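Asker: Line by line, the protein sequences are chains A, B, C, D and E. The numbering of the first sequence is this note's numbering, which starts it at 1 and goes up by one. The numbering of the second sequence is this note's numbering, which starts it at 1001 and goes up by one. The numbering of the third sequence is this note's numbering, which starts it at 2001 and goes up by one. The numbering of the fourth sequence is this note's numbering, which starts it at 3001 and goes up by one. The numbering of the fifth sequence is this note's numbering, which starts it at 4001 and goes up by one. Okay, here's the structure, questions in a sec.
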Amino acid sequence: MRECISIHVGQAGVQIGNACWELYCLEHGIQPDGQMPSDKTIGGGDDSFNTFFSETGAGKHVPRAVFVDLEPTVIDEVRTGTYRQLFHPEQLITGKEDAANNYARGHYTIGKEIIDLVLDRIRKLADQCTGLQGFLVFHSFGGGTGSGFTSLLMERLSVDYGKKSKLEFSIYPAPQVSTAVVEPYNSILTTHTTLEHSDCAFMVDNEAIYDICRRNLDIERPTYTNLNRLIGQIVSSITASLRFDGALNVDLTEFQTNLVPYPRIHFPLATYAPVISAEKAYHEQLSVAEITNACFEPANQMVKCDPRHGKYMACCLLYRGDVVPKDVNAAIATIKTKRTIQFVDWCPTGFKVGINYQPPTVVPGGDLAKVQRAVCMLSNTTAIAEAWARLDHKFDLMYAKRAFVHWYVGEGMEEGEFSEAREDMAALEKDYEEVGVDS
Amino acid sequence: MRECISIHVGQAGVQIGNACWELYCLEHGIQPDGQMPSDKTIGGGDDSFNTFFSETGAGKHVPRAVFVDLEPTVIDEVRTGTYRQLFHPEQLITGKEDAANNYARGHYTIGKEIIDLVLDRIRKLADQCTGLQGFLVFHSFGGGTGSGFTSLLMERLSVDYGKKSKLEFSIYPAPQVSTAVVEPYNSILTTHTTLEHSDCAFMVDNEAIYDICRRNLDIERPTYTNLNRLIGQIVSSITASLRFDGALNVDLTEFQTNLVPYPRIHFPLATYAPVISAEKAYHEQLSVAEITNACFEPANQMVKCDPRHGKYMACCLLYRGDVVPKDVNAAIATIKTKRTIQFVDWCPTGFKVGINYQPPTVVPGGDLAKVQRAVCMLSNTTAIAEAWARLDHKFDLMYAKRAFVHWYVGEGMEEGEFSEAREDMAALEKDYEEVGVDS
Amino acid sequence: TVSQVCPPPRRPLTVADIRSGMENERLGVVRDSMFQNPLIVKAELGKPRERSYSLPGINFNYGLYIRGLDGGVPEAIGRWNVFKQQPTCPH
Amino acid sequence: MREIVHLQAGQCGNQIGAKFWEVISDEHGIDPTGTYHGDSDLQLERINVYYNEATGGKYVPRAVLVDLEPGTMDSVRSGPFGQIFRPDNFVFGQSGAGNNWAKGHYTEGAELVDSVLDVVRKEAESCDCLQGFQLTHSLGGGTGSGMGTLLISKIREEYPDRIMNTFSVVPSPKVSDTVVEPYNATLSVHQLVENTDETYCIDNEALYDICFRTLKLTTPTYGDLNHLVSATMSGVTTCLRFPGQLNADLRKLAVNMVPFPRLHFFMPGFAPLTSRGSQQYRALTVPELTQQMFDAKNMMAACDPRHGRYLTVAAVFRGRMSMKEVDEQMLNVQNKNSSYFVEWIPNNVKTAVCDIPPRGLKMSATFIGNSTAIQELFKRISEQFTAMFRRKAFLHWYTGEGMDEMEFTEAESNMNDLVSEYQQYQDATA
Amino acid sequence: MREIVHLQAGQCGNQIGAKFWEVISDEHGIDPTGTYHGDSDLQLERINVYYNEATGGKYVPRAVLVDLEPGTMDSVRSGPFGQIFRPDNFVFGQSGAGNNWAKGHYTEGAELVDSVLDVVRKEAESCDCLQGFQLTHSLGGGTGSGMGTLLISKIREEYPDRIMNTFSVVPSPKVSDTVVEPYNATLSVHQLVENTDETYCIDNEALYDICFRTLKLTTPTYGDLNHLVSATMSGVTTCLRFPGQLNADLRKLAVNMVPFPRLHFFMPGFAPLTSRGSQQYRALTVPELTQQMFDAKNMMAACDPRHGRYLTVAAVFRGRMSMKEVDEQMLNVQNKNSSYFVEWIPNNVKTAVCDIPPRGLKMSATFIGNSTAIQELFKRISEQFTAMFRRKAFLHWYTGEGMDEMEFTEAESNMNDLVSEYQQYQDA
Ligand SMILES: Nc1nc2c(ncn2[C@@H]2O[C@H](COP(=O)(O)OP(=O)(O)OP(=O)(O)O)[C@@H](O)[C@H]2O)c(=O)[nH]1
Ligand SMILES: Nc1nc2c(ncn2[C@@H]2O[C@H](COP(=O)(O)OP(=O)(O)OP(=O)(O)O)[C@@H](O)[C@H]2O)c(=O)[nH]1
Ligand SMILES: Nc1nc2c(ncn2[C@@H]2O[C@H](COP(=O)(O)OP(=O)(O)O)[C@@H](O)[C@H]2O)c(=O)[nH]1
Ligand SMILES: Nc1nc2c(ncn2[C@@H]2O[C@H](COP(=O)(O)OP(=O)(O)O)[C@@H](O)[C@H]2O)c(=O)[nH]1
Ligand SMILES: [Mg+2]
Ligand SMILES: [Mg+2]
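Now the structure itself:
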């Protein structure tokens, strides 16, 4: 009965949802028509689809997701393509004009028009739930809809729903490359809201996944389709403890306790291993100790930050497939021995493990090889303070001459909120200094 | 179980390494495709390939070797030819620009950009090694990459790996014929870091192979393929104690102690016997007592130095084939009774022996013949006092007028390093004087 | 390679495979060895490097998998393996 | 005639209990359908200890399986022996504990234990003369320890003079699989000190070391580990069901083992374990079995007995054998290990003999040791708890739900008092 | 009733012990499968000395095999008689020693001897009344010599009143196969003087000379050499297992041989050893067997008996023979060799007789000499040791591992003291 609702907002939230729902259809054996195959035996013992799909009496499955955006040029590609009959017509909500890289247009002027329409779907989707486990929100910080409309949707959702753990899967802006000029503005104004109304918030950036696709998957020229399949593996690995039985199961509330030591620090890092191509998988010996050591490497991190600068607070390892429980515990005790990997002194017990039985599924003819074992790591580090001290340098330097301001205050927000959001972020990096010091 | 990792650096390393791995695959039965062949013995239970090949569940074997070079002309030959199946795609590391025979370029400018990548390969191959014995580094004293890059390769290797053995297989600069002009400069700077970063360093030069190939093999035009075939027989003779059982087993740490009398004198000399042409053997068959005399002949020595000028410190003889321990005892007692061969008075136990059971193997298209028993000799003599005596006379004649210095000082290193490394070798030539005298 | 996951081993690129608009399409003398060779062939949009040799089938799962030959603790505790001597044919 | 009611809480407890029910159904000859398929009358002679009769001669276990998450319930029910339990004995919640002691003991443990005590009472007054209760759980979780210790408290309040036996999986230093493990361990031990008649400590490091160095398996599955646990679990209580030369039930072991009302934590053991390839090089004889019993490699708790002194030792032998080979062997080991047994208790050892061996094996034994070496485990838990509590990590998940900050200090003081009692009685002379 | 626990140390010791176990397996009639297939019921009367009974009537040896490299254990386990040993008695390391006494005593031996004593204590406590221990080793290597002395020290300090035998292949002058051989030999004899009840010296010089001259093999293989050693090892301890007219067990010989507590190095020797060629023509006696026993060319040690005076002589006979022909032969050989025997100990020769010979031989011999001829062996070891030690050759490997300089001088002082004691008791 345990089951989740995935809310895709923004342009990059929708395009990830195309690759996430493609993976869930193939993993559970559901056609793009929305039906189980006809050339099938009666079988039995098939209740793994209840987490993500709802059975209709005729035999159809409807996904538990709402595809919301303020422009119709990215949703109409879903209403016409291959999966045009998998989704409900009202689960794909379109705006009228886009936010145009504004936090003010995404929050005050335009986004207030459709939020009564958006939340009506969520109450309708949650009313079908016998037992609800939490939420999952996909967005991007640099955008207008991913930053503006995600802020007010989460503020209104925390009022109605008391203590349901809501997750964030955010594309944090890259340290070097950027597709927008007003990107430091929309990232600062997002993080002020999301410290209060988010139980957890995972971090990725496009620059770190570009380096992975070149040195591991051997793709010289990547595409946004190739990145959204790497992100979709982590979401299918985090949730895989809920659907399929395993030796050690970790629910969504179980790794809220084991990753958040203080109420103001809930920013982990996502790492998936092994990701290799078919040319290299034919040579390598993928033991349990090899895929565990592959997550601690600084090149495999999906955020451009160096973990050698900081210390690990706590770690969460979620294995899949035919992994024996001993080779987990022999590999961890080797990692604790090495002096380069550093742990804080107030958390001696830093690892939590969870074993599943169903091996990972890939897309046929895709980039990733077929391997029957994997591991997904959600590690909490103090090294993220360097990833925010760089962003506040871009915000402070841009705001000193008061550039790009009259587009924001011309829609309804006040000038004081720019300094209010900055003064909170200066307190957040002091929170990492006071926890990193040793007693 | 017991096993080692081989690292090939420079053009002299890779071209020698092509001759070694074609010898090892045929010796163990592995095809160039990388698989054990058809109609094999069912339930053989052989682990003789475990020393140099890693098993994979698909049926493939991958060598434990790293090919390192700074220019793509020598590595792309391996990636294109018939051995492109066997090697891992990432074990073959390729740079962009060559060092142009500068120790300064191979140590300060070009070698500092890929050293982070090479040492990462060493860790991933040593991770599988449950028990590791040592490393095999192939280089030469002539070129810059064999001078500069090998100097800081084993510098970082000695810090990270504490007491693991490391053997240098170096091509000594021939006394008369040579290719480079700044070759005397490289060898002085090469060995300055070798006196305190190498556990052992074996000594073979190019010119003495030419006279052996001209007279013993009756080859009028030897080629660099033929020279590397003689080198691979010596290296496969050392490692034959690891892979095959024998009467007396000599480990890698066994003769590492037994050949080095002082921490500064670690330059043994190799000698193989018999090395005969294909035509001569069929009519006549050899014996143990006659192949021992072929080791001590200065004509059959693999180094252009006269053993009659100096005195022996210790000898490490390895016998392979149909050899009994009694005939070894009779052969050694014959040697000590002779007057030409002389041993120092403080080493009465002058010898060391090793017997193995599997004879040397032949290759299709090779130059050697099928010989029932063969002996490889490792010796430590004072006869190499003349070897560095003349390269020191080549160093100062270049350096008296300060020629070819401005190229080296333009790439990072100062002027005093030439004089600092000079007085170290003026001390080493005096070290043979204080040791070789009888007390 | 052919035997492991026998359904069609994945074969390298050839002349008949190349269609119009592909980045590897060339003018002039065309063979198969050029498309197999790594330095001539080019990468394509949203696809990895071409194989340059033959790989096993689509449904082949790579890596070393160890299958235990034991019986486990039911065989370790549930019976005592007493040695049974073999009688010989009477010569 | 004397009935034991079995209780499963949490994932670890549920799996261990399922394997235990499999083991004793195998011993008593019960098929997975629920009928009787046996070869002797001695199997049906004493069967009311664990099984209740039904219509048509179908035997059902006397166990209650409770959890806060129905996934483990489905996993147990769809197993090999999952069709023997009463469907009314499956008590599940709808919201998980999330490895939180406060969630297990105050928030979600308030609404379930009404139904849990209703079920266990309806089973408890159906027996003729109840011997006591058995509960299997793990101290490192939120449901096993949290709701488990609350069940300990309520059952101990309801039935004052009974036997309360708990099999607890204590945490480990190097196989620590949770980050709130010292918190949950201290908060469960503080309740288990004063409310439990007997506690047996089982450690996964010891289980893995047995599966690696003694048995030499290649894939040590949790099924195999639960079989190791269930062997000792069913060997402790064999004299209540099978007749023998010298009988000793649970109250006999309790009276002969615990000297003071706080020192009731034991280290278990098993004695005939050897690898598959070394079976035929060894003989099943009493001296070999006793040496393997007193060997330190078969302890199921990762505490070296060479680091302390033994207070009391109990051993239950199974199999037809003599009595000099028992008494003389124990006298010899007690006379030889003079420096490891305490000097203010003469005759530190107790034996019991049962006449029916385990199936397929000639002789067996079960070892129960009370030692002063469990203070090492308690000390390594306490120092981790102190290191977390000084900086107050992971405490908002506890204190946002109704737990004060004085309870942690009180529990730490109680556990340090227990460690001080162990050290006091270890360093004591005439 | 009186048990001996066997311990193989190093590659040489392991091969010697494997050959010994094969030899006594054929002596007691045990097939390599494990069961009993014999003819005489007298073979099962005394079998608990070396074998343990299992269920189903299998017998397993009381042997422990220790080294630092698993290749020797794999080679022994894949041998002909390699399936009879217990599978838990093999304890092996993963790294080599490299003929380093400092590695085999200080750095690497400190991890394994805990488990080795853990096994040895179980074997020695499973018995009824233990007689003692045998350990086979060679005095040239780091794996053999250093770990053997440490094991001997641990076992001696654990069991104070027992009997300890060390069968040592002593280094030879001209068959040098190791360059640190005098260093290892001196450092090992320094511990073997003060910690061992009996040490038996075996010389490769004398082994090769015997195999060339009186056996006349063209190929004297190490298998045949270990066979000739195993004949002496099985002949020494036959009074424990077989009934005889005169009995002399381990302590019987130990008290009778050693005059002073520092003189326990013995020269073995075997007598009915004959060339492979002519079995049919003749049968043995006692004067012929005594002559071939006391021939100096049949000594198994590279020390000429004629370069010194015998302290004590032991002769163990096997077969059916009278005892006047034994006593008369001892008397007349002592009367014949007046100078070669000491003056102040009359009747230097002790004898024993067992009824059952080795298989295929009517009569059999065993000789044990305690003489003053081993002083030249210790002198020739000490000269090479001090010649290397004067210039400090090969010393940095030993002294960089945590072992000082003065210990070599302590060992040299001990060796000079021992060779002074030999001359002191030779001339009196
Ligand atoms: N990882 C990933 N990031 C994406 C993808 N598509 C867009 N982005 C990121 O999204 C950021 C900006 O948001 P947009 O894609 O323009 O769309 P938006 O968030 O809805 O903002 P608006 O278009 O103004 O409503 C860019 O900086 C990209 O880095 C994608 O497919 N994968
Ligand atoms: N014996 C032997 N020597 C070789 C072989 N190939 C090259 N050499 C030696 O290598 C020396 C010069 O070094 P290079 O071949 O240029 O390789 P390198 O040391 O990496 O120097 P660079 O290529 O300039 O980086 C020459 O003096 C040769 O003696 C070979 O196949 N056999
Ligand atoms: N021996 C054993 N230990 C287990 C098993 N399942 C879980 N554990 C241990 O229990 C600990 C976590 O307990 P947990 O499952 O969270 O308790 P719960 O949440 O109340 O069910 C981990 O450290 C595991 O090592 C099992 O089947 N056997
Ligand atoms: N009798 C005999 N002696 C051997 C044999 N193998 C080696 N040796 C002797 O043992 C000496 C070296 O001992 P070593 O093998 O290094 O001992 P380890 O260090 O324990 O391996 C050499 O001088 C050889 O003469 C053998 O098979 N039989
Ligand atoms: Mg837009
Ligand atoms: Mg080059």
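Even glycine gets a Cβ: it sits at the ideal position worked out from N, Cα and C.
If you count every other CB in all the chains shown that lies within 10 Å of the CB of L4418/E, and 16 or more means buried, which is it?
Answerer: buried
Asker: From the DSSP output, in three-state form, read off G1146/B for me.
Answerer: Of the three classes helix, strand and coil, the one that applies to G1146/B here is helix, per DSSP.
Asker: Check whether the Cβ of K280/A lies closer than 8 Å to any Cβ atom in chain B.
Answerer: In terms of beta-carbon proximity, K280/A lines the interface with chain B, with at least one pair separated by less than 8 Å.
Asker: Between the region 1369–1381 of chain B and the region 1314–1331 of chain B, do at least 3 Cβ pairs fall closer than 8 Å?
Answerer: yes
Asker: State the start and end residues of the unbroken beta strand (DSSP E) segment that holds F1067/B.
Answerer: Its beta strand (DSSP E) spans residues 1065–1069.
Asker: Anything in chain C within Cβ reach of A3231/D, meaning under 9 Å, just list it in chain order.
Answerer: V2073, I2077
Asker: Quick one: is the Cβ of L1092/B within less than 7 Å of any heavy atom of ligand 2?
Answerer: no
Asker: Could you tell me the alpha carbon to alpha carbon distance between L4068/E and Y4398/E, rounded to whole angstroms?
Answerer: 18 Å
Asker: For the region 4356–4370 of chain E and the region 4287–4295 of chain E, state whether three or more C-beta atom pairs, one from each stretch, are separated by less than 8 Å.
Answerer: At 8 Å Cβ cutoff, the stretches touch.
Asker: Let me check understanding here. Comparing Cα to Cα, which of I1093/B, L1092/B, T1239/B, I1110/B lies closest to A1100/B?
Answerer: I1110/B
Asker: Are the CB atoms of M1154/B and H1197/B within a distance shorter than 8 Å?
Answerer: yes
Asker: Using the beta-carbon count (16 or more within 10 Å), is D4427/E buried or exposed?
Answerer: exposed
Asker: Three-state secondary structure (DSSP) at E4053/E?
Answerer: strand
Asker: Run through chain C and tell me which residues come within less than 7 Å of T4055/E, C-beta to C-beta.
Answerer: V2082
Asker: Comparing the CB of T179/A with every heavy atom of ligand 5, is any distance shorter than 7 Å?
Answerer: No, the Cβ of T179/A stays beyond 7 Å of every heavy atom of ligand 5.
Asker: To the nearest angstrom, how far is it from the Cα of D1033/B to the Cα of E1055/B?
Answerer: When the Cα atoms are used, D1033/B and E1055/B turn out to be separated by approximately 14 Å.
Asker: With a cut-off of 8 Å on the beta carbons, I'd call residue 3969/E and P4268/E a contact; round off their distance for me.
Answerer: There is simply no residue 3969/E to check, as chain E begins at 4001 and stops at 4428 in what is shown.
Asker: Taking any Cβ of chain C, which residues in the region 4003–4035 of chain E have a Cβ under 8 Å from it, in chain order?
Answerer: Result list: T4033, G4034, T4035.
Asker: Using DSSP with H/G/I as helix, E/B as strand and the rest coil, what is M203/A?
Answerer: In the structure shown, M203/A sits in a strand (DSSP, three-state: E or B).
Asker: Under 8 Å between beta-carbons, which chain A residues line up against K1060/B? List them in chain order, please.
Answerer: Within 8 Å Cβ-Cβ: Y282, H283.
Asker: Residue ranges of each beta strand (DSSP E) run of no fewer than 3 residues wholly in the region 1033–1097 of chain B, ordered along the chain?
Answerer: 1053–1055, 1061–1063, 1065–1069, 1092–1094
Asker: Compare the C-beta of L286/A with all C-beta atoms of chain C and state if any pair is closer than 8 Å.
Answerer: So, interface residue.
Asker: Within 10 Å of its beta-carbon, does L1397/B have 16 or more other beta-carbons around it, so buried, or fewer, so exposed?
Answerer: exposed
Asker: Would you list, in chain order, the members of the region 2035–2048 of chain C that have their beta-carbon closer than 9 Å to a beta-carbon of chain A?
Answerer: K2042, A2043, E2044, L2045, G2046, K2047, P2048
Asker: Less than 8 Å between CB atoms is the rule here; does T3219/D satisfy it with respect to chain C?
Answerer: yes
Asker: At 7 Å on the CB atoms, spell out the chain B contacts of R4391/E, in chain order.
Answerer: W1346, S1439
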